[PDB]
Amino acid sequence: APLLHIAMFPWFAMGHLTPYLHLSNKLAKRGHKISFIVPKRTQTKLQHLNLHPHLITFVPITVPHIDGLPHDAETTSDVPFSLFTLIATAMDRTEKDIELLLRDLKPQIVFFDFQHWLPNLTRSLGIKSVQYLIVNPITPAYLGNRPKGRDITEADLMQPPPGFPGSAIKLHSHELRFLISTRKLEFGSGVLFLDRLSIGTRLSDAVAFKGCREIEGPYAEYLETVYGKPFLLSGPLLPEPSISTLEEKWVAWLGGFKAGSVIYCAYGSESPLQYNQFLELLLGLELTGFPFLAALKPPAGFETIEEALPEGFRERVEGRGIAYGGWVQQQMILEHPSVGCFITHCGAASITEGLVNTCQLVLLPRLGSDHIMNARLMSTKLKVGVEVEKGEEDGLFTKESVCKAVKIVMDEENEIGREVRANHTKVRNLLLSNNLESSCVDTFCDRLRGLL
(Lines of atoms letter the chains of each structure in order from A and count residues from 1; the text may use other names and numbers.)
(Lines give C-alpha, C1' and ligand atoms only; values in the text may rest on other atoms or scores of the structure.)
Protein backbone atom coordinates (compact mmCIF):
# COMPACT_ATOMS: atom_id res chain seq x y z
CA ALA A 1 0.00 0.00 0.00
CA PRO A 2 2.23 2.83 -1.28
CA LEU A 3 2.40 6.06 0.68
CA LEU A 4 0.81 9.33 -0.47
CA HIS A 5 1.90 12.96 -0.08
CA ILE A 6 -1.31 15.01 0.16
CA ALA A 7 -1.66 18.76 0.63
CA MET A 8 -4.71 19.96 2.54
CA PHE A 9 -6.01 23.41 1.49
CA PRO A 10 -9.34 24.18 3.17
CA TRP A 11 -11.41 27.35 3.23
CA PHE A 12 -10.46 29.91 5.89
CA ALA A 13 -12.95 28.79 8.54
CA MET A 14 -12.44 26.70 11.68
CA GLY A 15 -15.45 24.65 10.57
CA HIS A 16 -13.40 23.63 7.53
CA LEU A 17 -9.85 23.64 8.90
CA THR A 18 -10.83 21.35 11.79
CA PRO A 19 -12.53 18.55 9.75
CA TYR A 20 -9.65 18.68 7.25
CA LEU A 21 -7.25 18.18 10.18
CA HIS A 22 -9.20 15.23 11.64
CA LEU A 23 -9.14 13.59 8.21
CA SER A 24 -5.44 14.42 8.07
CA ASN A 25 -4.96 12.42 11.30
CA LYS A 26 -6.76 9.37 9.82
CA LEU A 27 -4.55 9.48 6.73
CA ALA A 28 -1.33 10.04 8.67
CA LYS A 29 -2.33 7.03 10.82
CA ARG A 30 -1.69 5.01 7.63
CA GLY A 31 1.74 6.53 6.86
CA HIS A 32 0.61 9.22 4.40
CA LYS A 33 2.51 12.53 4.55
CA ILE A 34 0.36 15.68 4.89
CA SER A 35 1.24 19.31 4.16
CA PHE A 36 -1.53 21.23 5.89
CA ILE A 37 -1.98 24.74 4.47
CA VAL A 38 -3.30 27.08 7.15
CA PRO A 39 -3.45 30.84 7.85
CA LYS A 40 -0.23 31.55 9.77
CA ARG A 41 -1.68 32.94 13.00
CA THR A 42 -4.53 30.41 13.00
CA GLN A 43 -1.93 27.62 13.10
CA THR A 44 -1.45 28.08 16.86
CA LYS A 45 -5.15 27.26 17.44
CA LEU A 46 -4.76 23.97 15.57
CA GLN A 47 -1.32 22.52 16.43
CA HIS A 48 -2.60 20.66 19.48
CA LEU A 49 -5.09 18.74 17.30
CA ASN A 50 -2.19 17.38 15.19
CA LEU A 51 -1.76 13.81 16.42
CA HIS A 52 1.00 12.94 13.90
CA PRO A 53 3.51 15.81 14.00
CA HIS A 54 6.05 13.63 12.21
CA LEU A 55 3.80 13.24 9.17
CA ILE A 56 1.38 16.18 9.37
CA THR A 57 3.40 19.38 8.74
CA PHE A 58 1.72 22.80 8.89
CA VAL A 59 2.39 25.19 5.99
CA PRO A 60 1.43 28.66 7.30
CA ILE A 61 0.39 31.31 4.80
CA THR A 62 -0.29 35.02 4.88
CA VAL A 63 -3.97 35.80 4.43
CA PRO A 64 -3.68 38.99 2.34
CA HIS A 65 -5.11 42.28 3.52
CA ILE A 66 -8.25 43.33 1.61
CA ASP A 67 -9.83 46.76 1.99
CA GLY A 68 -12.62 46.43 4.54
CA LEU A 69 -11.01 43.55 6.46
CA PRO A 70 -9.85 44.31 10.01
CA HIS A 71 -6.15 44.18 10.85
CA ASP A 72 -4.63 40.67 10.71
CA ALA A 73 -7.98 39.07 9.73
CA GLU A 74 -7.46 35.43 8.65
CA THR A 75 -10.67 33.39 8.97
CA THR A 76 -14.41 33.77 9.35
CA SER A 77 -13.78 33.92 13.12
CA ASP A 78 -12.37 37.45 12.69
CA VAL A 79 -15.28 39.12 10.83
CA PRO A 80 -19.10 39.37 10.67
CA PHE A 81 -21.00 37.39 8.06
CA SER A 82 -21.17 40.45 5.77
CA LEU A 83 -17.37 40.27 5.34
CA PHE A 84 -16.98 36.56 4.52
CA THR A 85 -16.81 37.59 0.85
CA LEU A 86 -13.60 39.56 1.54
CA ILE A 87 -12.03 36.54 3.29
CA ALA A 88 -12.84 34.69 0.03
CA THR A 89 -11.20 37.46 -1.99
CA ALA A 90 -8.12 37.28 0.28
CA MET A 91 -8.01 33.48 -0.31
CA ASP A 92 -8.21 33.98 -4.08
CA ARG A 93 -5.28 36.37 -3.84
CA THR A 94 -3.08 33.65 -2.29
CA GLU A 95 -2.95 31.68 -5.59
CA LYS A 96 0.59 32.76 -6.50
CA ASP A 97 1.83 31.86 -2.99
CA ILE A 98 0.11 28.46 -3.31
CA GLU A 99 1.77 27.87 -6.67
CA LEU A 100 5.21 28.42 -5.13
CA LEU A 101 4.37 26.04 -2.28
CA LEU A 102 3.00 23.41 -4.66
CA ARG A 103 6.07 23.70 -6.90
CA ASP A 104 8.52 23.13 -4.02
CA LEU A 105 6.58 20.66 -1.85
CA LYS A 106 5.29 18.66 -4.87
CA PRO A 107 2.39 16.82 -3.22
CA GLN A 108 0.70 14.20 -5.36
CA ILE A 109 -2.83 15.31 -4.47
CA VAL A 110 -4.32 18.56 -3.14
CA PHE A 111 -7.59 18.56 -1.20
CA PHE A 112 -9.51 21.83 -1.69
CA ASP A 113 -13.04 23.15 -1.39
CA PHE A 114 -13.71 26.79 -2.32
CA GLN A 115 -10.65 27.52 -4.51
CA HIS A 116 -12.25 27.23 -7.97
CA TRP A 117 -8.85 28.12 -9.52
CA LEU A 118 -7.06 25.28 -7.68
CA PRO A 119 -7.75 22.42 -10.21
CA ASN A 120 -6.08 24.30 -13.10
CA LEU A 121 -3.08 25.13 -10.90
CA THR A 122 -2.59 21.54 -9.74
CA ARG A 123 -3.31 20.07 -13.20
CA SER A 124 -0.62 22.34 -14.68
CA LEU A 125 1.93 20.78 -12.28
CA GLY A 126 0.77 17.18 -12.73
CA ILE A 127 -0.87 17.24 -9.28
CA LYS A 128 -4.28 15.68 -8.69
CA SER A 129 -7.12 17.61 -7.08
CA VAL A 130 -9.87 16.32 -4.80
CA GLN A 131 -12.63 18.75 -3.93
CA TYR A 132 -13.11 17.66 -0.32
CA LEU A 133 -16.38 19.19 0.88
CA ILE A 134 -17.49 19.57 4.51
CA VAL A 135 -21.26 19.39 3.81
CA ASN A 136 -23.39 16.25 3.77
CA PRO A 137 -23.75 15.05 0.12
CA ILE A 138 -27.52 15.22 0.57
CA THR A 139 -27.17 19.02 0.59
CA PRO A 140 -25.82 19.57 -2.96
CA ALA A 141 -27.77 16.52 -4.18
CA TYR A 142 -31.15 17.92 -3.12
CA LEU A 143 -30.53 21.65 -3.52
CA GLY A 144 -29.02 21.49 -7.04
CA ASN A 145 -29.62 19.58 -10.26
CA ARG A 146 -33.21 20.88 -11.29
CA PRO A 147 -33.91 21.69 -14.97
CA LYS A 148 -32.69 25.22 -15.67
CA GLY A 149 -34.75 27.31 -18.07
CA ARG A 150 -35.87 29.98 -15.59
CA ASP A 151 -34.61 31.07 -12.18
CA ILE A 152 -35.16 28.59 -9.35
CA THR A 153 -38.12 29.51 -7.13
CA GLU A 154 -39.20 28.59 -3.62
CA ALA A 155 -41.84 26.33 -5.16
CA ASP A 156 -39.16 24.52 -7.19
CA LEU A 157 -37.31 23.50 -4.03
CA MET A 158 -40.50 21.96 -2.64
CA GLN A 159 -39.93 19.06 -5.05
CA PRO A 160 -36.75 16.93 -5.32
CA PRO A 161 -34.54 17.29 -8.40
CA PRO A 162 -35.24 14.69 -11.10
CA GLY A 163 -33.87 11.29 -10.14
CA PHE A 164 -33.23 12.27 -6.52
CA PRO A 165 -33.02 9.02 -4.51
CA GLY A 166 -35.81 9.77 -2.04
CA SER A 167 -39.01 11.73 -1.49
CA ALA A 168 -39.46 15.48 -1.00
CA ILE A 169 -37.70 17.04 1.99
CA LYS A 170 -39.86 19.31 4.16
CA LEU A 171 -38.78 22.99 3.98
CA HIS A 172 -40.37 25.85 5.91
CA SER A 173 -41.22 29.19 4.30
CA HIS A 174 -38.40 30.97 6.13
CA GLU A 175 -35.93 28.28 5.06
CA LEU A 176 -37.22 28.43 1.47
CA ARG A 177 -36.73 32.22 1.42
CA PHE A 178 -33.19 31.82 2.78
CA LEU A 179 -32.40 29.00 0.32
CA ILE A 180 -33.54 30.95 -2.74
CA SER A 181 -31.67 34.11 -1.75
CA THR A 182 -28.48 32.08 -1.20
CA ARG A 183 -28.39 31.14 -4.91
CA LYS A 184 -27.61 34.77 -5.72
CA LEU A 185 -24.80 35.15 -3.17
CA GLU A 186 -21.57 36.70 -4.45
CA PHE A 187 -18.60 35.17 -2.62
CA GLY A 188 -15.13 36.61 -3.23
CA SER A 189 -13.67 38.32 -6.32
CA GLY A 190 -17.13 38.83 -7.76
CA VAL A 191 -17.75 35.10 -8.27
CA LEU A 192 -21.16 33.66 -7.53
CA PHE A 193 -20.86 31.19 -4.66
CA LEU A 194 -22.63 28.53 -6.76
CA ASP A 195 -20.19 29.03 -9.66
CA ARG A 196 -17.23 28.87 -7.27
CA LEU A 197 -18.32 25.47 -5.95
CA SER A 198 -19.46 24.07 -9.30
CA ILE A 199 -16.22 24.95 -11.11
CA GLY A 200 -14.36 23.02 -8.41
CA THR A 201 -16.79 20.12 -8.72
CA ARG A 202 -16.29 19.94 -12.49
CA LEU A 203 -12.54 20.51 -12.88
CA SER A 204 -11.28 18.46 -9.90
CA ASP A 205 -10.20 14.85 -10.39
CA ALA A 206 -12.70 13.73 -7.76
CA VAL A 207 -15.19 15.17 -5.27
CA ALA A 208 -15.15 13.74 -1.73
CA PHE A 209 -17.33 13.95 1.38
CA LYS A 210 -17.35 12.54 4.85
CA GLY A 211 -19.81 9.67 5.14
CA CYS A 212 -20.48 5.97 4.78
CA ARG A 213 -22.12 4.01 1.97
CA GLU A 214 -25.14 3.05 4.09
CA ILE A 215 -26.19 6.72 4.69
CA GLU A 216 -24.37 9.12 2.35
CA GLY A 217 -23.78 6.51 -0.39
CA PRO A 218 -26.93 7.09 -2.48
CA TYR A 219 -26.42 10.86 -2.57
CA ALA A 220 -22.80 10.42 -3.65
CA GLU A 221 -23.98 7.96 -6.35
CA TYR A 222 -26.70 10.37 -7.48
CA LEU A 223 -24.15 13.19 -7.77
CA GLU A 224 -21.75 10.93 -9.66
CA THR A 225 -24.64 10.31 -12.02
CA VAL A 226 -25.34 14.03 -12.50
CA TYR A 227 -21.72 15.13 -13.06
CA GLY A 228 -20.28 11.90 -14.53
CA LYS A 229 -17.12 11.91 -12.39
CA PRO A 230 -15.96 10.28 -9.11
CA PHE A 231 -17.66 11.30 -5.86
CA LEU A 232 -15.82 9.52 -2.99
CA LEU A 233 -16.64 8.94 0.68
CA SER A 234 -13.81 9.30 3.22
CA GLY A 235 -15.61 7.45 6.03
CA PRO A 236 -17.68 8.64 9.00
CA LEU A 237 -14.64 10.45 10.58
CA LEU A 238 -15.45 9.37 14.10
CA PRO A 239 -13.65 11.12 17.00
CA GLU A 240 -10.40 9.40 17.82
CA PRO A 241 -10.34 7.84 21.32
CA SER A 242 -8.41 10.38 23.39
CA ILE A 243 -7.12 9.26 26.79
CA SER A 244 -8.01 12.56 28.45
CA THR A 245 -9.65 13.89 31.63
CA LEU A 246 -12.86 15.91 31.80
CA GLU A 247 -12.56 19.19 33.71
CA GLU A 248 -13.06 18.39 37.40
CA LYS A 249 -15.69 21.12 37.64
CA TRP A 250 -17.76 18.94 35.30
CA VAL A 251 -16.89 15.42 36.44
CA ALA A 252 -18.10 16.61 39.85
CA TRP A 253 -21.16 18.57 38.69
CA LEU A 254 -22.26 15.90 36.20
CA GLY A 255 -21.60 13.06 38.65
CA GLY A 256 -24.17 14.54 41.03
CA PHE A 257 -27.15 13.72 38.81
CA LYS A 258 -29.04 10.54 37.97
CA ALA A 259 -27.64 8.87 34.86
CA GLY A 260 -29.10 10.12 31.61
CA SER A 261 -30.88 13.11 33.17
CA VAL A 262 -28.77 16.10 32.02
CA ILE A 263 -29.50 18.24 28.93
CA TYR A 264 -26.34 19.47 27.19
CA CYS A 265 -27.08 22.27 24.70
CA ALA A 266 -24.37 23.57 22.36
CA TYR A 267 -26.77 25.83 20.42
CA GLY A 268 -25.29 29.31 20.13
CA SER A 269 -21.72 28.10 20.59
CA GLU A 270 -20.53 28.87 17.05
CA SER A 271 -22.00 32.31 16.56
CA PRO A 272 -23.70 34.69 19.00
CA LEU A 273 -27.49 34.48 19.02
CA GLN A 274 -29.72 37.50 18.91
CA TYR A 275 -30.86 38.45 22.41
CA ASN A 276 -34.50 37.41 21.92
CA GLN A 277 -33.44 33.88 20.95
CA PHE A 278 -30.76 33.50 23.63
CA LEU A 279 -33.38 34.27 26.28
CA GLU A 280 -36.09 32.00 24.83
CA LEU A 281 -33.50 29.21 24.63
CA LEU A 282 -32.31 29.63 28.23
CA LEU A 283 -35.86 30.16 29.45
CA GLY A 284 -36.70 27.13 27.30
CA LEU A 285 -34.21 24.97 29.21
CA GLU A 286 -35.32 26.10 32.68
CA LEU A 287 -38.97 25.41 31.77
CA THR A 288 -38.20 21.67 31.38
CA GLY A 289 -37.13 21.28 35.02
CA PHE A 290 -34.33 19.01 33.90
CA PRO A 291 -30.66 19.56 34.76
CA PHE A 292 -29.03 21.41 31.89
CA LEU A 293 -25.61 22.70 30.85
CA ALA A 294 -25.71 25.32 28.07
CA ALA A 295 -22.38 25.96 26.32
CA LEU A 296 -22.79 29.12 24.27
CA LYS A 297 -21.22 32.45 23.43
CA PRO A 298 -22.60 35.67 24.91
CA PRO A 299 -25.37 37.10 22.74
CA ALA A 300 -25.02 39.95 20.27
CA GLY A 301 -24.38 43.18 22.16
CA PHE A 302 -23.04 41.33 25.21
CA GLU A 303 -19.54 40.57 26.47
CA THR A 304 -20.35 37.93 29.10
CA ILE A 305 -22.88 35.20 29.72
CA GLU A 306 -23.56 36.64 33.19
CA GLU A 307 -24.37 40.13 31.91
CA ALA A 308 -26.89 38.57 29.51
CA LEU A 309 -28.87 36.32 31.84
CA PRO A 310 -32.46 37.35 32.65
CA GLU A 311 -32.71 38.62 36.22
CA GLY A 312 -33.81 35.83 38.54
CA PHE A 313 -32.53 33.09 36.22
CA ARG A 314 -29.28 32.27 38.03
CA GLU A 315 -31.23 31.87 41.27
CA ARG A 316 -34.11 29.78 39.92
CA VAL A 317 -31.74 27.20 38.37
CA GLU A 318 -29.07 27.02 41.14
CA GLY A 319 -29.00 23.22 41.24
CA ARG A 320 -30.63 22.43 37.88
CA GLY A 321 -28.86 24.46 35.21
CA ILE A 322 -25.60 26.15 34.11
CA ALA A 323 -25.04 28.73 31.35
CA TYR A 324 -21.30 28.59 30.62
CA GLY A 325 -19.57 30.87 28.12
CA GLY A 326 -16.16 29.20 28.35
CA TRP A 327 -14.54 26.47 26.32
CA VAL A 328 -15.95 22.96 26.95
CA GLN A 329 -14.80 19.42 26.08
CA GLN A 330 -17.96 18.53 24.20
CA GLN A 331 -17.01 15.00 23.07
CA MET A 332 -16.21 14.18 26.69
CA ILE A 333 -19.30 15.70 28.29
CA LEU A 334 -21.40 13.64 25.85
CA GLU A 335 -19.45 10.51 26.93
CA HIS A 336 -20.72 11.11 30.50
CA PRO A 337 -23.38 8.64 31.69
CA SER A 338 -25.31 11.54 33.26
CA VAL A 339 -25.98 13.33 29.95
CA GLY A 340 -29.16 12.13 28.30
CA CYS A 341 -30.03 14.91 25.88
CA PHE A 342 -28.09 16.81 23.21
CA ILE A 343 -29.35 20.04 21.66
CA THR A 344 -27.21 20.46 18.51
CA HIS A 345 -27.01 23.29 15.98
CA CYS A 346 -26.68 20.54 13.31
CA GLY A 347 -23.16 21.24 12.05
CA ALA A 348 -21.61 18.09 10.60
CA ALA A 349 -19.05 17.56 13.37
CA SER A 350 -21.70 18.17 16.03
CA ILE A 351 -24.00 15.60 14.39
CA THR A 352 -21.38 12.85 14.25
CA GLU A 353 -20.50 13.36 17.92
CA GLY A 354 -24.12 13.17 19.06
CA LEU A 355 -24.74 10.13 16.87
CA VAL A 356 -21.96 8.06 18.42
CA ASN A 357 -23.16 8.63 21.99
CA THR A 358 -26.33 7.49 23.76
CA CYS A 359 -27.96 10.85 24.48
CA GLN A 360 -31.25 11.72 22.82
CA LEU A 361 -30.91 14.13 19.90
CA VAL A 362 -32.67 17.51 19.78
CA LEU A 363 -32.09 19.37 16.52
CA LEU A 364 -32.05 23.17 16.55
CA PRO A 365 -30.47 23.99 13.18
CA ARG A 366 -28.69 27.31 12.85
CA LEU A 367 -29.83 28.87 9.58
CA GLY A 368 -27.66 27.49 6.78
CA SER A 369 -27.97 25.14 3.84
CA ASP A 370 -26.05 22.15 5.23
CA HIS A 371 -27.51 22.80 8.71
CA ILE A 372 -31.14 22.69 7.54
CA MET A 373 -30.55 19.60 5.39
CA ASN A 374 -28.80 17.79 8.27
CA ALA A 375 -31.70 18.45 10.62
CA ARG A 376 -34.15 17.14 8.00
CA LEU A 377 -31.99 14.11 7.32
CA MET A 378 -31.70 13.34 11.04
CA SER A 379 -35.32 14.05 11.99
CA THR A 380 -37.43 13.05 8.94
CA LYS A 381 -35.34 10.45 7.08
CA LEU A 382 -33.19 8.56 9.62
CA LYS A 383 -35.52 9.74 12.44
CA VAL A 384 -32.81 9.73 15.14
CA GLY A 385 -33.88 12.95 16.89
CA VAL A 386 -36.59 15.59 17.30
CA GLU A 387 -36.39 19.14 15.94
CA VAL A 388 -37.29 22.27 17.84
CA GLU A 389 -40.12 23.89 15.93
CA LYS A 390 -39.81 27.44 14.60
CA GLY A 391 -42.20 30.04 13.27
CA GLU A 392 -43.12 29.16 9.70
CA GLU A 393 -42.27 32.62 8.35
CA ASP A 394 -39.88 34.18 10.89
CA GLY A 395 -37.80 31.10 11.79
CA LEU A 396 -37.69 31.77 15.54
CA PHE A 397 -38.09 29.26 18.34
CA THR A 398 -39.74 29.88 21.73
CA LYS A 399 -39.18 28.67 25.27
CA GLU A 400 -42.23 26.47 24.70
CA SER A 401 -41.00 25.01 21.39
CA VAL A 402 -37.60 24.41 23.00
CA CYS A 403 -39.26 22.77 26.02
CA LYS A 404 -41.49 20.46 23.94
CA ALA A 405 -38.62 18.97 21.94
CA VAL A 406 -36.62 18.00 25.01
CA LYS A 407 -39.74 16.82 26.84
CA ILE A 408 -40.61 14.54 23.91
CA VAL A 409 -37.23 12.84 23.89
CA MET A 410 -36.88 12.82 27.72
CA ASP A 411 -40.24 11.10 28.31
CA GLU A 412 -39.41 7.38 28.33
CA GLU A 413 -43.13 6.73 27.60
CA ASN A 414 -43.47 9.02 24.56
CA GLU A 415 -43.60 6.94 21.39
CA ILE A 416 -41.58 9.44 19.36
CA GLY A 417 -39.02 9.49 22.17
CA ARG A 418 -38.77 5.71 21.98
CA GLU A 419 -38.61 5.79 18.17
CA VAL A 420 -35.78 8.30 17.85
CA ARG A 421 -33.75 6.51 20.54
CA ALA A 422 -34.10 3.19 18.69
CA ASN A 423 -33.20 4.61 15.28
CA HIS A 424 -30.33 6.51 16.92
CA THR A 425 -29.16 3.23 18.43
CA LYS A 426 -29.29 1.59 14.99
CA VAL A 427 -27.15 4.32 13.40
CA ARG A 428 -24.71 4.28 16.36
CA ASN A 429 -24.32 0.50 16.07
CA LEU A 430 -23.42 0.82 12.39
CA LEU A 431 -20.98 3.72 12.87
CA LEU A 432 -19.15 1.95 15.72
CA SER A 433 -19.25 -1.43 13.94
CA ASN A 434 -15.87 -3.12 13.88
CA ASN A 435 -14.80 -2.63 10.27
CA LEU A 436 -16.78 0.47 9.26
CA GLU A 437 -14.50 3.46 9.85
CA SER A 438 -11.26 1.68 9.05
CA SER A 439 -12.22 0.03 5.74
CA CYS A 440 -13.93 3.25 4.62
CA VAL A 441 -10.57 5.05 4.91
CA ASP A 442 -8.58 2.22 3.33
CA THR A 443 -11.06 2.15 0.44
CA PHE A 444 -10.80 5.93 0.21
CA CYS A 445 -7.01 5.60 -0.02
CA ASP A 446 -7.36 2.96 -2.75
CA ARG A 447 -9.50 5.42 -4.71
CA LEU A 448 -7.01 8.24 -4.06
CA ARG A 449 -4.18 6.01 -5.30
CA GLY A 450 -6.36 5.27 -8.36
CA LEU A 451 -6.32 8.95 -9.33
CA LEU A 452 -2.56 8.98 -9.98
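Numbers follow the displayed sequence, beginning with 1.
Note on 178-186 vs 100-108: mean CA B-factor is higher in 178-186.
Between 400-408 and 36-44, it is 400-408 that carries the larger average Cα temperature factor according to the deposited entry. Highest C-alpha temperature factor among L232, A88, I169, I305, as the PDB entry reports it: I305. The PDB entry assigns its highest CA temperature factor, among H71, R93, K381, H336, to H336. When the modelled residues of the chain are ordered by their C-alpha B factor, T18 lands in the lowest third. In the deposited entry, the Cα temperature factor of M8 sits in the bottom third of values across the chain's modelled residues. The entry lists a Cα temperature factor for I416 that places it in the highest third of the chain's modelled residues.
When the modelled residues of the chain are ordered by C-alpha B-factor, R213 sits in the middle third. Per the PDB record, residue ranking by Cα B-factor puts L83 in the lowest third of the chain.
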